[PDB]
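Participant: Quick one: the structure is below, and I'll ask about it shortly.
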Amino acid sequence: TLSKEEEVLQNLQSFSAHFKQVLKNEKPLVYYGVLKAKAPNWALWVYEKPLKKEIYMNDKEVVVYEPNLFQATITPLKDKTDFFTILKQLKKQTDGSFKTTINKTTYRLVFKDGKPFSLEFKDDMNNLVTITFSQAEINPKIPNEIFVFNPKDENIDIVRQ
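Next up, the structure:
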């Protein structure tokens, strides 16, 4: 009664992948990085190119660290919308994609060769965000400390918005 993709989501406890992030508008400026996610609701997005940014996320908040600025911006989250939460919520659609809606934003996951392949949603400006995964790993061992925002030094301005 579970498809192969449905079993992956049921059994999933961690995930890592390289990603390409495209936002559709004037000219596609494409961001590249690495994603690590882990139960219960932890996620880390490391952008490597062309800008370096680290986005730590859990159930309660998101931390956006901009090393070029020596600044971290913290936003409390009212809805659980981290990557692992979304996956554990997806339901299979008639077209074979997977979807879920959280706070009026619909997220669409497509699989390929048995692994998460792409994630698509509108941002809060109604712009379409497409994230494509490569070198995807199902249930890798990801050490917990990777997820701890450790400045590490203390030049960092902490901005709350």
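Here the deposited numbering = 1-based position in the sequence shown + 23.
The C-beta atom is built at its ideal place from N, Cα and C for all residues, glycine as well.
(1) Mind the definition here: the segment 43-55 touches the segment 100-109 only if three or more C-beta pairs lie below 8 Å; say whether that holds.
(2) Helix, strand or coil for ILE169 per DSSP?
(3) Evaluate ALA62 with the Cβ neighbour count: other Cβ atoms within 10 Å of its Cβ, from every protein chain shown; 16 or more gives buried, anything less gives exposed.
(4) According to DSSP, is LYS43 part of a helix, a strand, or is it coil?
(5) Using three-state DSSP, classify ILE109 as helix, strand or coil.
(6) Does the beta-carbon of residue 2 have 16 or more other beta-carbons within 10 angstroms, so that it is buried, or is it exposed?
(7) If you run the structure through DSSP and keep just helix, strand and coil, what is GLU29?
(8) For a minimum of 3 consecutive residues, which ranges assigned as the beta strand (DSSP E) are wholly contained in the segment 43-95?
(9) So that I know if they touch, is there some Cβ in chain D lying closer than 9 Å to that of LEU25?
(10) Just curious, the beta strand (DSSP E) that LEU100 is in, first and last residue?
(11) Less than 8 Å between the CB atoms is what I'm expecting for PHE42 and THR128, so what's the real figure, rounded?
Facilitator: Let's see:
(1) The answer is no - the segment 100-109 does not touch the segment 43-55, with fewer than three Cβ pairs under 8 Å.
(2) Correct three-state label for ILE169: helix.
(3) Exposed is the call here.
(4) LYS43 falls in the strand class under three-state DSSP.
(5) If DSSP states are grouped into helix, strand and coil, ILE109 belongs with the helices.
(6) No information on residue 2 is available, as it lies outside the stretch 24 to 184 that the chain covers here.
(7) Three-state result, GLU29: helix.
(8) If one requires a minimum length of 3 residues, the beta strand (DSSP E) runs lying completely within the segment 43-95 are 53-61, 65-72, 76-80, 84-89, in chain order.
(9) Protein chains in the displayed structure number just one, and chain D is not present.
(10) According to the DSSP assignment, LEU100 belongs to no beta strand (DSSP E), since it is labelled neither H nor E.
(11) Actually they do not touch by this definition, with Cβ atoms about 18 Å apart.
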